[PDB]
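To start, the structure under review is shown below, and the notes come after it.
Using ideal geometry, Cβ is built from the backbone for each residue, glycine included, and neighbour counts are taken over all protein chains shown. Nothing in this text is a laboratory measurement; each read-out follows from the coordinates by a stated rule.
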There are 2 protein chains.
Amino acid sequence: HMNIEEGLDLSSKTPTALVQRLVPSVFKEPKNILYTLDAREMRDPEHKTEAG
Amino acid sequence: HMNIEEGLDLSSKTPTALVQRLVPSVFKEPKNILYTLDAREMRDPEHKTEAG
């Protein structure tokens, strides 16, 4: 964005300072789900199917 | 703009005075924008492009 200046003679006027503004975009911490099945529980394959 | 007058003989009437009205229109002070680049900053064309 720039300033507006008035008149013909601008020798008294400061030029507009360019400002190279930057906005960050960042990944969050990873999002996870954990579950565990023991070797008895894994005898029924619906648990992995439904939990997945 | 004109005055209406009435009758066949107008010897006693006063003719309408033509008044020449004038409307002024004027330029404002010039509007300006100023920026500056040094010879290092000016190695990247995007500053001149985006500031323009």
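What the table below lists for this structure:
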{"item": "Calculated P(r) of the protein assembly as shown - Cα pairs past 18 Å, %", "result": "78"}
{"item": "Volume per residue that the Cα convex hull of chain B spans, once the total is divided by residue count, Å³", "result": "122"}
{"item": "Local electrostatic count, residue B:37, Cβ distance below 15 Å [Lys/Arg +1, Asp/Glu -1]", "result": "-2"}
{"item": "Within straight-line cross-link reach of residue A:48, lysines at Cα separation under 29 Å, skipping those fewer than 8 residues along the same chain", "result": "A:28, A:31"}
{"item": "Copies compared at residue B:41 - label distances in nm, ascending, label defined 7 Å from Cα in the Cβ direction", "result": "6.4"}
{"item": "Label distances, nm, residue A:7 versus same residue in remaining copies, Cβ-directed 7 Å point", "result": "6.5"}
{"item": "Size of charge dipole - the protein assembly as shown - debye, nearest 20, with Cβ of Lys, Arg +1 and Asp, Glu -1, no other charges", "result": "240"}
{"item": "Position residue B:20, label points 7 Å along Cα→Cβ, spacing to each other copy in nm (shortest first, one decimal)", "result": "6.2"}
